[PDB]
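First, one chain by itself: the form deposited in one PDB entry, in structure tokens.
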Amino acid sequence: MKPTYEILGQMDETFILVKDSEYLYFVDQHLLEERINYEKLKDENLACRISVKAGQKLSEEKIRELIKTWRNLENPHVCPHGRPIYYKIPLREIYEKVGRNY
């Protein structure tokens, strides 16, 4: 994700919505924290058990911290168990559907 981005907020207390100029990302808060903790601790089970879970409301500050850290991870793409950390949609798919250039 580009270093210029906009955080749109939380969805379903499960995903952080954040976009750059190319994509809107839906970032799984659990998988992201698990990856962050795994890269520090090198322990899959420990990283999992201490991380936030889906269904927990996060403060705006905590969300900012997580997204900033996400960009600097060695593997921002998949958790240590191989699950994709995020879903993404190209912004052009949204614009083009309604007839706008992007």
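Don't overthink the numbering: it's just position in the shown sequence, from 1. Only residues modelled in both forms are compared. Between two forms, the rigid core is defined as the largest C-alpha subset superposing within 1.5 Å.
Higher average CA B factor: 35 to 43, of the stretches 22 to 30 and 35 to 43. The PDB entry records a higher mean C-alpha B factor for 74 to 82 than for its counterpart among 8 to 16 and 74 to 82. Highest CA B-factor among the listed residues (53, 49, 62, 57): 57.
Below, we turn to the form deposited in another entry, even though it does not appear here.
Here the rigid core is superposed between the shown form and the other one, and of 41, 67, 58, 54 the C-alpha of 54 is the only one to shift by 2 Å or more. In comparison with the shown form, the Cα-Cα distance of residue 49 and residue 18 decreases by at least 3 angstroms in the other entry.
If you compare C-alpha positions, residue 50 and residue 31 are 3 angstroms or more closer together in the other entry than in the form on display.
Taking the core as fixed, the only part between the shown form and the other one where three or more residues in a row have CA shifts of 2 Å or more is 44 to 54.
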